[PDB]
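Residue numbers (our numbering), protein chains in the order written: chain V, 1 to 147; chain F, 1 to 225; chain L, 1 to 128; chain E, 1 to 53; chain H, 1 to 125; chain W, 1 to 187. Using N, Cα and C, we set each Cβ at its ideal position, and we do this for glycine too. Step one of this worksheet: look at the structure below.
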RNA sequence: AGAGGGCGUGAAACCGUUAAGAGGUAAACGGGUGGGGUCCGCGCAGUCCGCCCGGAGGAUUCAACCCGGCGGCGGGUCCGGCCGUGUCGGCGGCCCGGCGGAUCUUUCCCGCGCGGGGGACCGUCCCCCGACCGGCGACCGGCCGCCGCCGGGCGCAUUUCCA
RNA sequence: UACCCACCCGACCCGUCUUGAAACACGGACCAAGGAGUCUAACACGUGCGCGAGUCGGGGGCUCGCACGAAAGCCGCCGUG
RNA sequence: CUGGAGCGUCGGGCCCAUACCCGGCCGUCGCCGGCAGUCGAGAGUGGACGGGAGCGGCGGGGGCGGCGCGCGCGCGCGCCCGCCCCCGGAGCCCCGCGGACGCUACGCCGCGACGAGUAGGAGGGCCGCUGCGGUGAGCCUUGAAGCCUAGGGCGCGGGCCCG
Ligand SMILES: [Mg+2]
Ligand SMILES: [Mg+2]
Ligand SMILES: [Mg+2]
Ligand SMILES: [Mg+2]
Ligand SMILES: [Mg+2]
Ligand SMILES: [Mg+2]
Ligand SMILES: [Mg+2]
Ligand SMILES: [Mg+2]
Ligand SMILES: [Mg+2]
Ligand SMILES: [Mg+2]
Ligand SMILES: [Mg+2]
Ligand SMILES: [Mg+2]
Ligand SMILES: [Mg+2]
Ligand SMILES: [Mg+2]
């Protein structure tokens, strides 16, 4: 609101928080992101390094749907499925191992972060990591692919 | 209950009229070296010059250890290396003064601020008048007046310093705890020299008011208490 | 012989006079009302000598005797009857002022209520 | 004239946003204009799935 | 609780009134119109009020019940006192104290009652 | 004529909470009560946090409160937090705890209580242990906020590697005059 | 009509005259007083009030006490009951307690392996009663202790009113 | 305290650009009225509040002739992002 | 202005700033401040409770002294034995049984300390203008806004209040 502004406290205050030596003139520097090479250089070079120039390779027309691929970490599969499906098993005595469609919860790829609880699993996913492989194997249980 | 208490608290009460007597007595008999040394130090310097003169022969009394320094000029148009020393001597304000322990380091700090101060080796009655009349202490970092000596004891009782007179050895004799005696002691703010200076600008030596005035600072202190 | 105070101290005022604005005298377009002068050159503001004095803080008034009428009772702007019974306890330290725009009939109503319960009113004898 | 850490910003207001601004104080009256269609169409085609085929 | 209501009702209150450097509270039964914790009527759960009797003479002493509040009608009980100044106060004194019922108001209740009484007698010469 | 700088004599600590939330202001009131009185430093520190801002009393995760109470000696104490407890979806063997917090996210609430723990509030704590006897102060990581990566020297200065703020990262979006040594130089 | 046909109000610059006072260094300004006015407080003593007390006058009913009633407060025996916190028991609501869960059975039922429905399971939320404990402002009943009001008693070394 | 007057001391005309203005720099006869840091988008930090590995907000829907209403409420929406 | 009111070198004595001292008052910062109902002033514990006993004691330094002593333990009373008793009353400078008048718990109180300012910031504005939701048994034909006032005042002042 208007009421809670400095401009209220700057009346009778001649130059208006803006200096009477060098006034508030219109557009001293330039207009917007202007003088990046020349003379505003010191910002752009010290504060946004790697702005000026090309790099890399075009992929031109590009569509993200083509390369949609979310990630999950082992870390939290023992979320995706209702926690009761874990409490059931860890127990049960038959080596059930519940199935986890990392598909069905919304992730085109599973990755090996974190601990995994000592508990056999069947993870059906798309693009598994290596480490995700190893951890699941080394716990017990398996890595099934989906198309 | 009542009259097992009544007594129990009256005891504490009296166990005090022991104590605040005992200490009161202690102070009074401390004050009694503080005569005897305080005289014996005089005579035993005369004693000896009297001894020397009898031979074809010759004193040089102990160099002074104590020299309270008055700042005498103000605080604008002041060099750096000065202004730092003058706020290591706690002479921030114009024309206050502190009891400084002479010492190769300290003496040579005063060379460098000479043109603004006026020091000399002060005398008992000078120390007295100052500690008594214009001696407030720094207690919880506060210029607080020394009116009862449960205020001195309260800061300095851990150095065997318990009273206004126990301060006053530690301020001639330098003693072990000059440091902490002269740093509850908060710099003494002295009024304008009644009857006026000679010349704020120059060395005493050339008729002025500055730097060393041996002994002769005691004229100066009468005029400024 | 009206409604004496609880306590009548010595009211002291460090300056008794108003704080006119610089050049409020020459120009009629300037109200006496203080406006603090922010001239680069202006002599007042650089606290120069024998010029108009600037309203500063430490040249303001004793906590006890602040805000306090010559008799002793600081005002209340009493505004109808019901607002008067507020002072019924705090009667003896501070008084009623009856608002400008109360009508002569209730201007009376309030007054004789005040006197009933011993609250001073500074304009008791006003509209009539 | 930038000063000490921001983003670059290419805000695109160099053209003339001003003239062609659509504000939306239709929004709620439109909501209702719509309501009355959903409504009317159903009462017109009485027994027929309101939603559509 | 009391302490909570307060913080809602500290500022923002219809019987609150601040002009002219005071603040004040016109609620029924506070004693001495103060804005306060102690001397406020409603907030709290035990309250003494003192106010003039409807007849012209006497003093009513309003005592909050605390049997069951959030029951405004009956929550909250009165009594007339038409006696002779001294006994009138001794009654209020004995009603508040030796009934351990908010022995804070104690005096204020007396000072009110005393002030009420003087408002009702041969007014002026 | 005194010759001090007056530059930063005024200290700048918060000495009331800036909020208007009556309950904070009340349990704050409760320890202006305690912190004046009792010798315990604890309630000075808790006071000194009720006080502080949202941004600067970051939330504790449950998992981090596990490995701060697992440690040897800390069994039987109360965990105490001037802020919020939250879940860790990536933790499971919740031990039975005793906690205090201003808030606890509703899912952490059910997890703690299911384990036969207790949760207290900044008043019940004051009755349990007014001196802070048998307690553990914990805070969340104050160098947590994604903000804190933007802080430091600068990006573009030598091997001081600090997020720059960029409208949208990608291939073309700051990789050039100053990052590939082929394309000008690099830092 | 001090609303008069460009009329509600009716400012300042500005000008109109009446009254007072001033006036050779242009006026105007800051600090400090002094004189005078217009007004404003008063006093035809402003002796300011409020306790308590003593004395001397004058006047009503009491106060202290009980007894009848009414209404509070506080206490507890948690006495008796109702209330809710933590615990235990009932597996008792569980189907007459629901909803959540990709839990499980298509041994079930309906409709077309799927959908709907039913049945099993866990997590949750209700009844019974029993036991412990916070026994909690959540009461309500009795017993108590105290206060207040009302009505009775008490006629005057009391207890008020007045000067 | 304010009006006039009297005296004693003080005393240059404001605003502004300005290393430096009483300026033999410029604006400024006087008075009334009008009059200059606004809105939006985007960032950023600081802070306030909600919920919290979520959280939202629309745009849509379902609920009004609105008096209040072009509000409020609600939606496996609630997540298609 | 002239053995000077000239110039050298020197005394006393005096004069004066917003400078220093003491005091007065108004700002701000700090005090790990006190003050949300409690003992206690270089504080150097307090209390059960037992067994045993009593004029014991704790028979330690010209220390000048600090931690132990000369207002009591035990005692006066009840009569060698009991006690050493209850604040709804010790009569209270300590009171821990309950707490300011004071406690708008962003209130108020004591200490000290400090408060030259352009640009700028920041804070504080019962400083000011106009609009709406609340709220003020607000005010008003018994006279509102504005306007006018050598009509009393208040704030440091924005302004505010009164004739
Ligand atoms: Mg400025
Ligand atoms: Mg300018
Ligand atoms: Mg320039
Ligand atoms: Mg100089
Ligand atoms: Mg459709
Ligand atoms: Mg007219
Ligand atoms: Mg009309
Ligand atoms: Mg006209
Ligand atoms: Mg005229
Ligand atoms: Mg004339
Ligand atoms: Mg220029
Ligand atoms: Mg010139
Ligand atoms: Mg020009
Ligand atoms: Mg300043």
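Just verifying my parser: in three-state terms, what is the DSSP assignment at residue i?
| i | result |
| --- | --- |
| residue 66 of chain F | strand |
| residue 128 of chain L | coil |
| residue 65 of chain V | helix |
| residue 61 of chain W | strand |
| residue 71 of chain V | coil |
| residue 138 of chain V | helix |
| residue 106 of chain L | helix |
| residue 24 of chain H | strand |
| residue 149 of chain W | helix |
| residue 76 of chain V | helix |
| residue 74 of chain L | strand |
| residue 30 of chain E | helix |
| residue 31 of chain W | helix |
| residue 147 of chain V | coil |
Taking the continuous beta strand (DSSP E) assigned at residue i, which residues delimit it?
| i | result |
| --- | --- |
| residue 99 of chain F | 96–101 |
| residue 121 of chain W | Unbroken run through residue 121 of chain W: none, as it is neither H nor E. |
| residue 52 of chain H | 48–52 |
| residue 103 of chain W | 98–104 |
| residue 64 of chain H | 59–64 |
| residue 118 of chain F | 117–119 |
| residue 143 of chain F | 143–145 |
| residue 137 of chain W | 135–137 |
| residue 78 of chain W | 78–86 |
Please classify residue i as buried or exposed, where buried requires at least 16 other C-beta atoms within 10 Å of its C-beta.
| i | result |
| --- | --- |
| residue 27 of chain H | buried |
| residue 67 of chain V | exposed |
| residue 165 of chain W | exposed |
| residue 45 of chain V | buried |
| residue 65 of chain W | buried |
| residue 166 of chain V | In the structure as shown, chain V begins at 1 and stops at 147. Residue 166 of chain V is therefore absent and cannot be evaluated. |
| residue 76 of chain H | buried |
| residue 73 of chain F | buried |
| residue 59 of chain F | exposed |
| residue 88 of chain H | buried |
| residue 87 of chain W | buried |
| residue 2 of chain W | exposed |
| residue 31 of chain L | exposed |
| residue 42 of chain W | buried |
Where do the ends of the alpha helix (DSSP H) carrying residue i lie?
| i | result |
| --- | --- |
| residue 88 of chain H | 86–96 |
| residue 220 of chain F | 217–222 |
| residue 6 of chain H | 2–9 |
| residue 57 of chain L | Note, residue 57 of chain L: premise wrong, no alpha helix (DSSP H); not H, not E. |
| residue 49 of chain F | 2–54 |
Since residue i and residue j are thought to touch, with beta carbons under 8 Å apart, how far apart are those beta carbons, to the nearest angstrom?
| i | j | result |
| --- | --- | --- |
| residue 118 of chain L | residue 3 of chain L | 6 Å |
| residue 126 of chain L | residue 107 of chain L | 7 Å |
| residue 13 of chain L | residue 61 of chain L | 7 Å |
| residue 84 of chain W | residue 60 of chain W | 7 Å |
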